[PDB]
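Here's a solo chain for you in structure tokens, the form deposited in one PDB entry.
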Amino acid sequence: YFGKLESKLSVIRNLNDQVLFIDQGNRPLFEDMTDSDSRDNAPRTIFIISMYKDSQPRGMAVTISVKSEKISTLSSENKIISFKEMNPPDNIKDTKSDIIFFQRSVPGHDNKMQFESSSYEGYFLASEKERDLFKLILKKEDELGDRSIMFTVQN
């Protein structure tokens, strides 16, 4: 069992202080933004982080949502990052879910967070450059202390 508890609004950033947002195509991407850019690209810059209770607690269990035109929840299904249009549910009757992630702060830096996928043990939300884009993807860990799977969570 996973069950919903409270929510916070947040602005997510990567190792370069690039801001997470959802693009016209519903793709989570990263880009430099001034505070005025982060403010005026809302609601696509404002992520809902919802917390869940867990029967087998592995960290802080969470879902991640944005409100584009409708609400969309981040999924790890088939080892791929994507936005599914659904509301974070009151509860989830499984041990691993494509939409649950475990948030853990990074020892020595409380501002930094890693998000481990619950459906795939060992895999983490990450920032990758793909061609001219910067993308939020799922990846198994490369180096040890890999800065690309660490994020800051502000308002």
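Residues carry their position along the shown sequence, with the first being 1. Definition used throughout: the rigid core is the maximal C-alpha set that superposes within 1.5 Å between two forms.
Note that the form deposited in another entry isn't included here; everything after this is about it.
Student: Core-aligned, between this form and the one not shown, one residue among 104, 39, 129, 27 moves its CA by 2 Å or more. Tell me which.
Tutor: Among the listed residues, the one whose C-alpha moves by 2 Å or more is 39.
Student: Since the Cα-Cα distance for residue 29 and residue 40 shifts by 3 angstroms or more in the other entry, is it a contraction (closer) or an expansion (farther)?
Tutor: They are farther apart; the C-alpha distance rises by 3 Å or more in the other entry.
Student: Given that the CA-CA distance for residue 36 and residue 134 shifts by 3 Å or more in the other entry, does it become closer or farther?
Tutor: Pair moves closer in the other entry.
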